[PDB]
Each structure stands twice: as C-alpha cells, then as structure tokens.
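This report concerns only the one structure given below.
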Amino acid sequence: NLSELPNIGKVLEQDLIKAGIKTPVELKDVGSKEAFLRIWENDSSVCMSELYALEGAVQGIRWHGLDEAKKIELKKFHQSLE
Amino acid sequence: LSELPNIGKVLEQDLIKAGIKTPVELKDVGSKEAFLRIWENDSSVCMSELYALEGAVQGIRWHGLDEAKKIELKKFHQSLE
C-alpha cells in the first residue's frame, strides 16, 4: 500500500522496500531524507526527483506543490550530499 | 507536452527552456538528445528523468521499458560527466 501515498512510482517503492521501508507509516516517521539516504546506500543513482517524491508522500501532496522553503531545504541537503 | 506519459510540470518546463516545446519536437530528437540538452542547463538532472522521456517518446510508463534499453540509458547517463 506504499503504492498509495502520491508521487510514489513502481520503482521507487521497489527500493523503498529494499531499504526496509514498506508500509506508508514506516516512511512517515523516518521521513523522506532518511528514506532517501537508505535507498541511496543501495543505488547511488537515486536523485532529487526521488527526494521530492518522498517528501511529497509524507505531506499528502504531489511534490510540484510542496511549499518553496521546503524545496530549497531538500535541494540544499541533496546537493550537499554529492 | 505534459500530455505524454511520465512528464510532470517541471520536466515540461525545463524542456521548454531547452528549446523543445512540443511532443513532435521531443520525438525528432529522441530522449538521449533531449536530456543531453537540459543537462547542459542543469548539470544535475536526474536519471529518473532520462527514463521518463524515453518512456515518453515510446508510449508508456517508464517502469515498463525493456531492461535492455534501461541498461543502455543508464550507461549513457554515466558517460555524462
């Protein structure tokens, strides 16, 4: 049911699961960044898209609609990564 | 242009700034070159976004792309810087 929670694609829930994050409530209290990092530990290829997708799912909206402040914040942490 | 699959507002918009304004335009150039064109504007544009477009020219949701082409696409992103 990770397939509900908007923004999440078939391959995103693929690695979310790999990272040990099934169920929406497992990802709600670790939040996007953490989830992001975990899956990144697996494929270095994850990226900004997935970051937004994850925090989109935690707020209950499609990410293009995340509020700005919050998107800089995610950009800063993504770009701070590598 | 956001009438094709896998293309959100942002992807659309940055294709716009890239010189690709239409679904037909996106099909002449294919995805490899479309993507290459925005990479130059945003050196850090996701691989998820190279799939989406190829998903786009062809008529499907990208997770349904045959594994051979994702492997080719992946490889091409890696060649990118």
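Simple scheme: letters A, B, ... for chains in structure tokens order, numbers from 1 for residues in each chain, numbers from 1 for ligands in the order shown.
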
Taking only C-alpha atoms into account, report as a count of residues only which residues of chain B lie within 10 Å of chain A. 16

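For region 8-50 of chain B, backbone-based DSSP assignment of helix (DSSP H, G or I) covers residues 9, 10, 11, 12, 13, 14, 15, 16, 23, 24, 25, 26, 27, 28, 30, 31, 32, 33, 34, 35, 36, 37, 38, 39, 48, 49 and 50 of chain B.
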
Given only C-alpha atoms as the basis, pick out the residue of B:17, B:59, B:75, B:69 nearest to residue 39 (chain B).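 Selected residue with least distance to residue 39 (chain B): B:17.
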
Smallest atom-to-atom distance to residue 5 (chain A): which of A:68, A:20, A:77, A:25, using only C-alpha atoms? A:25

Rank A:22, A:53, A:35, A:78 by their smallest atom-to-atom distance to residue 66 (chain A), using only C-alpha atoms, and report the top residue only.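 Ranking A:22, A:53, A:35, A:78 by distance to residue 66 (chain A), first place goes to A:53.
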
For residue 4 (chain A), list every protein, DNA or RNA residue within 10 Å, evaluated using only C-alpha atoms, and leave out those in the same chain fewer than 5 positions away; present the list as a ChimeraX atom specification. /A:9,23-24,57

If you measure from CA of residue 68 (chain B) to CA of residue 56 (chain B), what distance in Å do you get, rounded to one decimal?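 Interatomic distance here is 16.7 Å.
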
Close residues, residue 40 (chain B) itself excluded, 12 Å, only C-alpha atoms, min 4 positions apart in chain, as a count of residues only: 12

Leaving out residue 38 (chain A) and any residue of its chain fewer than 2 positions from it, which residues lie within 10 Å of it when counting only C-alpha atoms, given as a PyMOL selection string? chain A and resi 15-16+18-21+32-36+40-43

Go ahead and dump the residues you just picked, C-alpha atoms, as a PDB file, in the first residue's frame.
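Full text of out_25.pdb as output:
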ATOM      1  CA  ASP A  15      13.907   0.302  -3.466  1.00  0.00           C
ATOM      2  CA  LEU A  16      11.988   1.836  -0.589  1.00  0.00           C
ATOM      3  CA  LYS A  18      14.767  -2.839  -0.336  1.00  0.00           C
ATOM      4  CA  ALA A  19      15.840  -0.204   2.180  1.00  0.00           C
ATOM      5  CA  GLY A  20      13.493  -1.852   4.704  1.00  0.00           C
ATOM      6  CA  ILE A  21      10.687   0.659   4.364  1.00  0.00           C
ATOM      7  CA  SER A  32      11.967  11.477   3.294  1.00  0.00           C
ATOM      8  CA  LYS A  33      15.639  12.355   3.847  1.00  0.00           C
ATOM      9  CA  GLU A  34      16.313   9.271   5.904  1.00  0.00           C
ATOM     10  CA  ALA A  35      14.428   7.076   3.481  1.00  0.00           C
ATOM     11  CA  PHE A  36      16.305   8.823   0.683  1.00  0.00           C
ATOM     12  CA  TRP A  40      20.932   5.759  -1.903  1.00  0.00           C
ATOM     13  CA  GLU A  41      23.115   3.379   0.111  1.00  0.00           C
ATOM     14  CA  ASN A  42      21.834   0.898  -2.475  1.00  0.00           C
ATOM     15  CA  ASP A  43      21.821   2.750  -5.812  1.00  0.00           C
TER      16      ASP A  43
END

Point-to-point distance in Å for CA of residue 50 (chain B) and CA of residue 12 (chain B):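 Straight-line distance from CA of residue 12 (chain B) to CA of residue 50 (chain B) works out to 12.8 Å.
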
Can you tell me how far CA of residue 6 (chain A) sits from CA of residue 13 (chain B), in Å to one decimal?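 It comes out at 21.2 Å.
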